[PDB]
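Input: a single structure, listed below in structure tokens.
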Ligand SMILES: [Ca+2]
Ligand SMILES: [Ca+2]
Ligand SMILES: [Ca+2]
Ligand SMILES: [Ca+2]
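Residue numbers (PDB author numbering), protein chains in the order written: chain H, 16 to 170; chain K, 11 to 241, 245 to 295, 297 to 370.
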């Protein structure tokens, strides 16, 4: 849509403070309400599909495209799935499950409690014995919660 | 720090292996309760078939007992446990090994303690192994209404299965209601009832069912003395519980005289000292004594527990404090169910602010 292309052009240009054509973490952090958000670097890293530390226009477009009103349930739940899967192999493993819980909870849990509940969730939810959570197990667990209704954004 | 190896190495990792029937039951079928106690103390689990065998054998034993057991002194009488397995362990430390100590429990094994299934499994193993020296009564929380209202069902579904829950409910239906101790004392969870005038009224009840929301089984499990007990109506509506009744001092004295009893013993309400002696009967002997064995009730009360060891014509109250236990999040929620709403909330907030 024309107004959408125009708005994405204007926002890209406004965020690219040094006019380098790519958005760095520092450039996002120039926004005051982002300076105290502890998950900025994780979202940027997820956007950075080529791992160069910045978000180019292609990455920006593909990222925004997953939040369109026309996107289906699977697209949203797969974005949420990709939030945990830092290494992008399609499975939540012990190490990355620990890392992601530690990023999200900070000091809200002690290391002992968090490690214990990570262990217990892995044990109770792993059904094929590979120590990680496949997409099938994920939908078996969360498919009935109707969380897809809240992950909607108006562009 | 490693992302795979365990952070707190001084904590031993609990065993995952499920014990088999040959490892837990000897050639004659008796539970090997020292191994089982060590394993459960390690948060170890059983094979499903072994849990079901223990539960159904214990249910069958309770099922074959009378409503009112005939139990000679000496005996140690114990009140509410409420899933405090490590406090049950302390209780057995204070009262003495079941190998040579008679025990009576007054109920509330389940409902808000986070080791209810471990309590059930251990007590059922002791009851199978010690059928005439360890005794378990039914409390008012031992029912479907409350276990579906409270957290016991979630605990069963997290650690075992809903089938294990149903097995627990059928075993609980078998729990005796009362004990006759040294042919002198009636021991119950709650107290007296308008519909019980003779011991035969207790013997004639049908107990093999979920406790109703009202009626004699409900009042037996739920009634309390008034908070102002001892300081003219025999039975008054119990406004604290929302069911059953308060009974008065004349009511108690009449019951004692008509049934040739010395005193009544019940539980269910926390007390700062672990016990309360109310107004004495018209001899110097207290007409009523309450004993309460659930320490730090609801994890916040900070109260002591006590048990009553009746032996050599001495009633020795032994109190004990609560003991540490491992942590569970409320209602046994797993970390995905717990954290995903917060993840979605904070990621959505971030995206909305970055974009708008
Ligand atoms: Ca830059
Ligand atoms: Ca990087
Ligand atoms: Ca790895
Ligand atoms: Ca693993």
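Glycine is no exception: its CB is placed at the ideal position from the N, C-alpha and C atoms.
- prompt: What's the call for residue 13 of chain K, buried or exposed, on a 16-neighbour Cβ count within 10 Å?
  reply: Residue 13 of chain K sits at position 3 when you count from the first residue of the second chain. Result: exposed.
- request: Starting from residue 178 of chain K, trace the beta strand (DSSP E) both ways and give me its first and last residue.
  value: For the purposes of this step, residue 178 of chain K is taken as residue 168 along the second chain, with counting starting at 1. Per DSSP, residue 178 of chain K belongs to no beta strand (DSSP E); it is in the alpha helix (DSSP H), 172-183.
Cut-off 7 angstroms between Cβ atoms - residues of its own chain near residue 40 of chain K, not counting five sequence neighbours on either side: Within the second chain, residue 40 of chain K is the residue found at index 30, counting from 1. So the qualifying residues of the chain are 139.
task: Would you mind working out which of K:362, K:346, K:369 and K:370 sits nearest residue 167 of chain K, comparing C-alpha positions?
output: By one-based count along the second chain, residue 167 of chain K stands at place 157. Nearest to residue 167 of chain K by C-alpha distance, out of K:362, K:346, K:369 and K:370, is K:346.
field: Validate contact between the segment 59-72 of chain K and the segment 93-106 of chain K using beta carbons, cut 8 angstroms, 3 pairs
entry: Flag = no, the segment 59-72 of chain K and the segment 93-106 of chain K do not touch.
message: For the pair the segment 157-166 of chain K and the segment 53-60 of chain K, tell me if three or more CB-CB distances fall below 8 angstroms.
response: no
message: I want to check one thing, is the minimum distance from the CB of residue 74 of chain H to the heavy atoms of ligand 1 below 7 angstroms?
response: One-based indexing of the first chain puts residue 74 of chain H at position 59. Flag unset: Cβ of residue 74 of chain H not near ligand 1.
- prompt: Thinking C-beta only, is residue 291 of chain K closer than 8 angstroms to residue 300 of chain K?
  reply: Your numbering for residue 300 of chain K matches position 286 in the second chain. Your numbering for residue 291 of chain K matches position 278 in the second chain. Taking 8 angstroms as the Cβ cut-off, residue 300 of chain K and residue 291 of chain K qualify as a contacting pair.
- prompt: In or out: residue 36 of chain H buried (at least 16 other Cβ within 10 Å) or exposed?
  reply: In the first chain, residue 36 of chain H corresponds to position 21, counting from 1. It counts as exposed.
query: For residue 350 of chain K, which residues in chain H fall below 8 angstroms Cβ to Cβ?
result: By 1-based counting over the second chain, the position of residue 350 of chain K is 336. Within 8 angstroms Cβ-Cβ: 136, 140, 156 and 157.
- request: Report the option in K:279, K:328 and K:358 whose CA atom is closest to the CA atom of residue 84 of chain K.
  value: Position 74 of the second chain holds residue 84 of chain K. If we check each option's Cα against that of residue 84 of chain K, K:328 comes out closest.
- prompt: Is there at least one non-hydrogen atom of ligand 2 closer than 7 angstroms to the beta-carbon of residue 66 of chain H?
  reply: Residue 66 of chain H sits at position 51 when you count from the first residue of the first chain. The answer is yes for residue 66 of chain H.
query: What residue range is occupied by the uninterrupted beta strand (DSSP E) comprising residue 80 of chain K?
result: As a position in the second chain, residue 80 of chain K is number 70, starting the count at 1. Where residue 80 of chain K is concerned, the enclosing beta strand (DSSP E) stretches over 78-81.
- request: Answer yes if the segment 317-332 of chain K comes into contact with the segment 111-127 of chain H, meaning at least three C-beta pairs across the two stretches below 8 angstroms, and no otherwise.
  value: no
query: Can you tell me where the alpha helix (DSSP H) with residue 347 of chain K in it begins and where it stops?
result: Taking the first residue of the second chain as position 1, residue 347 of chain K is located at position 333. Counted as a single uninterrupted DSSP element, the stretch harbouring residue 347 of chain K is not any alpha helix (DSSP H), since DSSP gives it neither H nor E.
query: Mind pulling the chain K residues with CB within less than 9 angstroms of residue 95 of chain H?
result: For the purposes of this step, residue 95 of chain H is taken as the residue at position 80 of the first chain. Neighbours of residue 95 of chain H on chain K, chain order: 354, 357, 358 and 361.
- prompt: Could you give the C-beta distance for residue 123 of chain K and residue 93 of chain K, rounded to a whole number, given that I count them as a contact under 8 angstroms?
  reply: Residue mapping note: residue 123 of chain K aligns to position 113 of the second chain, counting from 1. Residue mapping note: residue 93 of chain K aligns to position 83 of the second chain, counting from 1. With a contact defined as Cβ atoms closer than 8 angstroms, residue 123 of chain K and residue 93 of chain K qualify at about 2 angstroms.
message: For a test of your reading of the model: does the CB of residue 60 of chain H fall under 7 angstroms from any non-hydrogen atom of ligand 2? Yes or no.
response: Walking along the first chain from the start, residue 60 of chain H turns up at place 45. Yes, the beta carbon of residue 60 of chain H sits closer than 7 angstroms to at least one heavy atom of ligand 2.
- request: Report all residues from its chain with a CB closer than 8 angstroms to the CB of residue 315 of chain K; omit the five preceding and five following residues, and keep chain order.
  value: For this step, residue 315 of chain K is matched to residue 301 along the second chain. Only 283 meet the Cβ criterion.
message: Just checking residue 35 of chain H against ligand 1 - is the residue's beta carbon closer than 7 angstroms to any of the ligand's heavy atoms?
response: On the first chain, residue 35 of chain H is found 20 positions in, with the first residue counted as 1. Yes, Cβ of residue 35 of chain H sits closer than 7 angstroms to a heavy atom of ligand 1.
Chain-ordered chain K contacts of residue 127 of chain H [CB-CB under 8 angstroms]: Translated into the one-based positions of the first chain, residue 127 of chain H becomes position 112. 17, 18 and 21, listed in chain order.
query: Quick one, which of K:326, K:16, K:294 and K:333 has its alpha-carbon nearest residue 310 of chain K's?
result: In the second chain, residue 310 of chain K corresponds to position 296, counting from 1. When only C-alpha atoms are compared, the closest one is K:333.
query: Just curious, the alpha helix (DSSP H) that residue 4 of chain H is in, first and last residue?
result: Coverage of chain H is limited to positions 16 through 170, which leaves residue 4 of chain H absent and any answer about it impossible.
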